[PDB]
A.B. asks: 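Quick one: structure below, then a few questions.
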Amino acid sequence: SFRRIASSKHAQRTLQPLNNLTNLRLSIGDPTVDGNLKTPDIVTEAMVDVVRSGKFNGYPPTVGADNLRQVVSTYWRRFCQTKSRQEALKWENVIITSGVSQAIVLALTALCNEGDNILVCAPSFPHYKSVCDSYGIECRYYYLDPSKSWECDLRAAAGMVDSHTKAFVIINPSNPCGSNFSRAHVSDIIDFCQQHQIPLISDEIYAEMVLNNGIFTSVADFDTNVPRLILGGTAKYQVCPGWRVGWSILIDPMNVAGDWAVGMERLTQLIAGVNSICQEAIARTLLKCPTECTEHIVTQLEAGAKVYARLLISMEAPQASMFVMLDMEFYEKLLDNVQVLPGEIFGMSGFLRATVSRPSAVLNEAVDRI
Amino acid sequence: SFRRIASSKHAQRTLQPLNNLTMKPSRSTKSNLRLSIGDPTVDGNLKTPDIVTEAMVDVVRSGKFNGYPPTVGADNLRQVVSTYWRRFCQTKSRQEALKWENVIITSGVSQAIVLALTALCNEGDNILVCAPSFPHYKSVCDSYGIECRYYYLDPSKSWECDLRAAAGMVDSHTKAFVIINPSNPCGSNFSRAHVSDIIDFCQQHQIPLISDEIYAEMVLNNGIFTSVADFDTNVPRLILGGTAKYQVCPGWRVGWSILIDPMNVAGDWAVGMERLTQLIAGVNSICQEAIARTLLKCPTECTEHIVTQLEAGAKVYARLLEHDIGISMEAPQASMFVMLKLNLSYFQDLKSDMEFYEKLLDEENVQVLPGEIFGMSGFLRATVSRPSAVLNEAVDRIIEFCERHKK
Ligand SMILES: [Cl-]
Ligand SMILES: [Cl-]
């Protein structure tokens, strides 16, 4: 015979509730489903050129190709309204990752040990909770106030901070809330992080996907010595999540977080980096994508916002991202044939996440069915 | 002011000795000749098949494969890989034991290694790993607080596993036996009989066998590759492989793992690996479809070209044996590397493989890798995949270098 082989504690406690939960589907967080949103043609053709050259099939540096890091550094400068802020973004502090999902893993596991906690918004993109449970880090939720435009309850969060608290995480613009934070509110967050002396992690992957001529405020656009780790990429706004490319950018002017940066660098060695074809294709086109491409998608999202309004169930209208928030029992009865998502999944019972990114013809039929 | 932010223990102990090596610039006027590089794309002499390249083109232009794949891999590629590995099995039953349900698509074999070990072991466990070895097993183990417990390969018995010594290393915390076959850095290609013995060893000790078979297509001299798949056994085996080396595209970051477990004693291991793919959420969707379209269509001819190039590189290293300069070596039967054994008693001022590496580089601007990096001092890893003109020139400098330091 042969002794049964069991798995590790690490594997056993690694759970993704969304995926575990798994016809008109308003539950899907992937902009490629219908084809109404499209990757820019120049990116598609840069990929064609790059793979046909045969010059980008070799090993990249595990931290990312130099030129893509440089380009990403240059690209994020546009979110900075000032020269000093812009100069504070250095390519040396850019890391290319296998999607933002990996950037989250690297950020959290280079920073925390088992037994630590981080403060994370609720409701939230579930990956932070999943990564935390996987590695024995506590995901300590602070709550977002839906009646104050889904702003962070900074009064409450203060009471959650202790000696094992290692970071403060925000998602802005937000999946699942569709929120877009004001400049003053982002300033408060930074001050909060200063008062409590913890780094700020800002998931800014929807940066290009603000609606209604809204203003996006990146944690980069401030004069502060508070270390900030910005996570972003092209997966959502260039409609190519399956390419598995994203990045993290550290802004640390007084250099208080250098070991974190080194730790993240060292940990890229484990899977040894990112698809070399996509890295070069994005390095060639990231700065050349015209406002019009981002402007077509934003208009397409504004349409979905209009369709959900007919239901008015209450809701805070979306200012950004691809979702609106409007609980488990309601979800189950709808399928028995429309698919929504319960906010339970995201850390806040009593809501439903619905997607804005599908065609009106699909949405209208589903909103009517609701 | 602001509290200094420090890193985790996991980060602090994560080290890759190869990268770290990257070395004093040479005080020489000769051209830099690098024999240290483990990337088949370096010179352009070896080539990704055109049919794979044009499948990538069709796939990306379609705009139908830019979405999220399943974290475990696209269904069609998993089915295709399963079908592909069947050719390494000589029988219907062995072929039937390969199931696409037990294939996982990974971000290179490097991720496959992470998933295999961290889904199996807890901190405080150990695994048996060959030395010398591709450094990633050691790097991942140390990163995760798993002990990399070396058993030694024998350069005089064709770089075979010393199984007798390995037996004394097994204890209650030993969780796996790792082999690399064909081998980086040794160039060895195991006989069927040795692979049979390795499996028997794993049966006696009741530990799973992990086999890095990424050089499966790159056997030389009409050799026979024996996959751990090609056996009638209930020993659980996890095979790591991919297209990175033999289709000359390591940078695309695609590889896979295949679990073969006929009595289903390792289902939890499989479920664990699957769960852990959720953390980076999978693999480049363009390449998975491109490879799904072409993996079964690539002609034998594309590979025999690469093999021919490697056999020629091997002949050039053989020239080192014609001079009495203290270099012995088992000619490579596979993979892309050779291990040069140093007779240190030949040299007046060369104490170690490391010192040999430094002085060679400083004096002749030829870069090899000391075997220390791979877990076995007293050797040098040299690459066979470069063009003959590069190798021939570099071997001349090595010969000259040895004669000069002798006595
Ligand atoms: Cl990782
Ligand atoms: Cl991973």
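Below, chains carry the letters A, B, ... as their sequence lines are ordered, and counting in each starts from 1. Only this structure's heavy atoms are used, side chains among them; waters, hydrogens and symmetry mates stay out.
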A.B. asks: Are the side chains of A:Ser134 and A:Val131 in touch, meaning some heavy atoms are under 4.5 Å apart?
C.D. replies: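 A side-chain contact under 4.5 Å is absent here.
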A.B. asks: Please find the pair of heavy atoms, one from A:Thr32 and one from A:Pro241, that lie closest to each other, and give the distance.
C.D. replies: CG2-CD, 4.0 Å
A.B. asks: Within the distance-only criterion (no hydrogens, no angle test), does the side chain of A:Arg69 pair as donor or acceptor with the backbone N or O of A:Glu92 below 3.5 angstrom?
C.D. replies: yes
A.B. asks: Can you tell me if A:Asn117 and A:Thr165 form a side-chain donor-acceptor pair at under 3.5 Å?
C.D. replies: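 Side chains of A:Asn117 and A:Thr165: pair found under 3.5 Å.
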A.B. asks: Under 3.5 Å, sequence neighbours excluded: what are the donor-acceptor pairs made by side chains of residues 121-130 of chain A?
C.D. replies:
unit_1, atom_1, unit_2, atom_2, d
A:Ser124, OG, A:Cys121, O, 3.0
A:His127, ND1, A:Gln16, NE2, 3.4
A:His127, NE2, B:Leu279, O, 2.8
A:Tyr128, OH, A:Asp203, OD2, 2.3
A:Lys129, NZ, A:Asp133, OD1, 3.3
A:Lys129, NZ, A:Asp133, OD2, 3.3
A:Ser130, OG, A:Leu15, O, 2.8
A:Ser130, OG, A:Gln16, OE1, 3.4
A:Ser130, OG, A:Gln16, NE2, 3.4

A.B. asks: Can you tell me which residue pairs pass the salt bridge (charged side-chain N to carboxylate O under 4.0 Å, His left out) test with a partner in residues 9-19 of chain A, sequence neighbours excluded?
C.D. replies: A:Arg13-A:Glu114
A.B. asks: Is the ring pair A:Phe181/A:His185 parallel, tilted or perpendicular, if the boundaries are 30 and 60 degrees?
C.D. replies: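 The arrangement is perpendicular - the two ring planes meet at more than 60°.
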A.B. asks: For the residue pair A:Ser73 and A:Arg77, establish whether any side-chain heavy-atom pair is separated by less than 4.5 Å.
C.D. replies: yes
A.B. asks: Could you tell me if the side chain of A:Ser174 sits less than 4.5 Å from the side chain of A:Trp150, heavy atoms only?
C.D. replies: no
A.B. asks: Got a sec, which residues hit side-chain hydrogen bond (donor to acceptor under 3.5 Å, both in side chains) with A:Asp116, two or more places apart in sequence or on another chain?
C.D. replies: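 Partners of A:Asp116 by the side-chain hydrogen bond (donor to acceptor under 3.5 Å, both in side chains) criterion, ordered by chain and then number, come out as A:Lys166.
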A.B. asks: In this structure, is the centre-to-centre distance between the rings of A:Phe216 and A:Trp76 below 6.0 Å?
C.D. replies: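 That pair fails the under 6.0 Å test.
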A.B. asks: Would you be so kind as to tabulate the donor-acceptor pairs closer than 3.5 Å made by side chains of residues 101-109 of chain A, with sequence neighbours excluded?
C.D. replies:
unit_1, atom_1, unit_2, atom_2, d
A:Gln102, OE1, A:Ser98, N, 2.7
A:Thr109, OG1, A:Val105, O, 2.6

A.B. asks: If you round to the nearest 0.5 Å, how far is CD1 of A:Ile345 from CG of A:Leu18?
C.D. replies: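 One gets 6.5 Å once the value is rounded to the nearest 0.5 Å.
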A.B. asks: Report the residues that fulfil side-chain hydrogen bond (donor to acceptor under 3.5 Å, both in side chains) with A:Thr268, sequence neighbours left out, ordered by chain and then residue number.
C.D. replies: A:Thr62
A.B. asks: What is the minimum heavy-atom distance between A:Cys177 and A:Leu144, and which atoms define it?
C.D. replies: SG-CD1, 3.9 Å
A.B. asks: I need the minimum non-hydrogen distance between A:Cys289 and A:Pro40, along with the two atoms involved.
C.D. replies: SG-CG, 3.8 Å
A.B. asks: So does A:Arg85 get a backbone contact from the side chain of A:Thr82, meaning a donor-acceptor N/O pair under 3.5 Å?
C.D. replies: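 Here the side-chain-to-backbone pair does not exist.
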A.B. asks: Between A:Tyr237 and A:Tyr206, does the ring centre distance come in under 6.0 Å?
C.D. replies: no
A.B. asks: Given side chains that start at C-beta, do those of A:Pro199 and A:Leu229 come closer than 4.5 Å, heavy atoms only?
C.D. replies: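 Side-chain contact under 4.5 Å: no.
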A.B. asks: With distance as the sole criterion, is a donor-acceptor pair present between the side chains of A:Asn67 and A:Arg284 under 3.5 Å?
C.D. replies: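 Looking only at side-chain atoms, A:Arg284 and A:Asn67 do not form any donor-acceptor pair under 3.5 Å.
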A.B. asks: If you apply the rule ring pair (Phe, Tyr, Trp, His ring centres under 6.0 Å), what do you find for A:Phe351 with A:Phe346, and how did you get there?
C.D. replies: CA-CA 9 Å; A:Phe351 298 79; A:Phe346 299 83; over 10 Å; no
A.B. asks: Check for a donor-acceptor pair, side chain of A:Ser276 on one end and backbone N or O of A:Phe56 on the other, with a separation under 3.5 Å.
C.D. replies: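 At least one qualifying donor-acceptor pair exists.
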A.B. asks: How long is the gap from CE on A:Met328 to CG on A:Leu21, to the nearest 0.5 Å?
C.D. replies: 6.0 Å
A.B. asks: I'd like to know whether A:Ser202 forms a side chain to side chain donor-acceptor pair (under 3.5 Å) with A:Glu204, so could you lay out the CA-CA distance, the side-chain angles of the two residues, the decisive distance to 0.1 Å, and finally the verdict.
C.D. replies: CA-CA 6 Å; A:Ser202 187; A:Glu204 294 181 0; 2.8 Å; yes
A.B. asks: Taking atom OG1 of A:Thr39 and atom CD of A:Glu45, what is their separation to the nearest 0.5 Å?
C.D. replies: 12.5 Å
A.B. asks: To check you understand the geometry: which heavy-atom pair defines the closest contact between A:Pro318 and A:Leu211, and what is its length?
C.D. replies: O-CD1, 3.7 Å
A.B. asks: Got A:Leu119 and A:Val169 here, is their nearest side-chain heavy-atom distance under 4.5 Å?
C.D. replies: no
A.B. asks: Enumerate the residue pairs fulfilling side chain to side chain donor-acceptor pair (under 3.5 Å) with a member in residues 241-259 of chain A, sequence neighbours excluded, ordered by first and then second residue.
C.D. replies: A:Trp243-B:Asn66
A.B. asks: Please check if the side chain of A:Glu344 supplies one atom and the backbone of A:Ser349 the other of a donor-acceptor pair under 3.5 Å.
C.D. replies: no
A.B. asks: Checking A:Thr74 now: which residues fulfil side-chain contact (heavy atoms from CB on, under 4.5 Å) with it, not counting sequence neighbours?
C.D. replies: A:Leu287
A.B. asks: Considering only heavy atoms from C-beta outward, does the side chain of A:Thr234 approach that of A:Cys240 to under 4.5 Å?
C.D. replies: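 Side chain of A:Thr234 against side chain of A:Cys240, heavy atoms only: contact under 4.5 Å found.
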A.B. asks: Can you name the side-chain hydrogen bond (donor to acceptor under 3.5 Å, both in side chains) partners of B:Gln12, sequence neighbours left out?
C.D. replies: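 Partners of B:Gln12 under the side-chain hydrogen bond (donor to acceptor under 3.5 Å, both in side chains) test: B:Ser7.
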A.B. asks: Spell out, as yes or no, whether a donor-acceptor pair under 3.5 Å connects the side chain of A:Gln279 to the backbone of A:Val274.
C.D. replies: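 A pair under 3.5 Å: yes.
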A.B. asks: A:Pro253: which residues meet the side-chain contact (heavy atoms from CB on, under 4.5 Å) condition with it, sequence neighbours left out?
C.D. replies: A:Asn225, A:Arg228, A:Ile251
A.B. asks: Applying ring-ring contact (aromatic ring centres under 6.0 Å, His included), name anything that partners A:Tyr135, two or more places apart in sequence or on another chain.
C.D. replies: A:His10
A.B. asks: Do any N or O atoms from the side chain of A:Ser218 and from the backbone of A:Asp221 form a donor-acceptor pair under 3.5 angstrom?
C.D. replies: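 No, the answer is negative, given that no donor and acceptor are paired below the 3.5 Å cut-off.
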A.B. asks: Would you indicate whether the side-chain heavy atoms of A:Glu208 and A:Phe79 approach each other to under 4.5 Å?
C.D. replies: yes
A.B. asks: For residues A:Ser182 and A:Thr217, determine if any side-chain heavy atom of one lies less than 4.5 Å from a side-chain heavy atom of the other.
C.D. replies: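 No. Closest side-chain heavy atoms not under 4.5 Å.
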A.B. asks: Keeping the roles fixed (side chain from A:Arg353, backbone from A:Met325), state whether a donor-acceptor pair exists under 3.5 Å.
C.D. replies: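 Not at all, since once roles are kept as given, no pair shorter than 3.5 Å links the two residues.
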A.B. asks: Between A:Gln269 (side chain only) and A:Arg266 (backbone N and O only), is there a donor and an acceptor less than 3.5 Å apart?
C.D. replies: yes
A.B. asks: Give a yes or no answer on whether the side chain of A:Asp30 reaches the backbone of B:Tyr68 with a donor-acceptor pair at less than 3.5 Å.
C.D. replies: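 Present.
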A.B. asks: Rounded to the nearest 0.5 Å, what separates atom CD in A:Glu151 from atom OG in A:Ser179?
C.D. replies: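 Result: 9.0 Å between the selected atoms.
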A.B. asks: Going by side-chain contact (heavy atoms from CB on, under 4.5 Å), name the residues that satisfy it together with A:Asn93, two or more places apart in sequence or in a different chain.
C.D. replies: A:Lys90, A:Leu250
A.B. asks: How close do A:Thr285 and A:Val43 get, counting heavy atoms only, and between which atoms?
C.D. replies: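 Closest pair (atom of A:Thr285, atom of A:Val43, distance): OG1-CG2, 3.5 Å.
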A.B. asks: Ignoring hydrogens and geometry, is there a side-chain-to-backbone donor-acceptor pair from A:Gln194 to B:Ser1 under 3.5 Å?
C.D. replies: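 Yes, A:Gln194 side chain to B:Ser1 backbone: donor-acceptor pair under 3.5 Å.
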A.B. asks: Over all heavy atoms of both residues, which pair between A:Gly232 and A:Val100 is shortest? Give the atoms and the distance, please.
C.D. replies: O-CG2, 3.4 Å
A.B. asks: Could you give the distance from CZ (A:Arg140) to CD1 (A:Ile118), rounded to the nearest 0.5 Å?
C.D. replies: 11.0 Å
A.B. asks: Would you please name every residue forming a side-chain hydrogen bond (donor to acceptor under 3.5 Å, both in side chains) with A:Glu265, sequence neighbours left out?
C.D. replies: none
A.B. asks: Could you state the interatomic distance from CG (A:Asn275) to CG (B:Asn284), rounded to the nearest 0.5 Å?
C.D. replies: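 Nearest 0.5 Å value for the CG-CG distance: 3.5 Å.
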